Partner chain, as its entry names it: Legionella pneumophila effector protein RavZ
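Only one chain is given next, in structure tokens, and it is the form solved without the partner chain.
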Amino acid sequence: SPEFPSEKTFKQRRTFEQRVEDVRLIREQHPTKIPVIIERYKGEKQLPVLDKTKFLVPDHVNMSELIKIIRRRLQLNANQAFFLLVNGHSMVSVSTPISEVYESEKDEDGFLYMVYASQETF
């Protein structure tokens, strides 16, 4: 309903140069954490909104483990599908540590962005 404001993403809330500086601080202060932004896909109509956007993920966590963590945060039932996408592809089969996903996939601003949805392509 146009009665309500549109959902704004992390990159709309914080400028590139702000995000850059935020990641510079995290990398110095928490060197073994990966800085991850997790957001619901803009067109998603089944899954609820996440109660946190910016996560400091220990670098040894793998994607199977991260999927369980976000399904838990969202309080999903086993009947609900959930897909976690990085740059247009699904993370379920990655299983390398998130340290390697960061190195391959991180944004120019230094955060690793993920989008979740009830389907794999969208």
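Only residues modelled in both forms are compared. Positions refer to the first chain, counted from 1. Definition used throughout: the rigid core is the maximal C-alpha set that superposes within 1.5 Å between two forms.
One more form of this protein, solved in complex with the partner chain, exists but is not displayed; see below.
- Residues are counted as partner-facing when one of their heavy atoms sits within 4.5 Å of the partner chain in the entry with it bound; in 62 to 77 these are 64, 68, in sequence order.
- Measuring CA movement between the shown form and the other one with the rigid core aligned, the set 37, 70, 47, 92 has one residue at 2 Å or more: 92.
- Note on residue 92 and residue 38: their C-alpha atoms are more widely spaced in the entry with it bound, a change of at least 3 Å from this conformation.
- Comparing the conformations between the shown form and the other one, with the rigid core held fixed, yields the displaced runs 77 to 80, 87 to 94, each spanning 3+ consecutive residues whose C-alpha shift is 2 Å or more.
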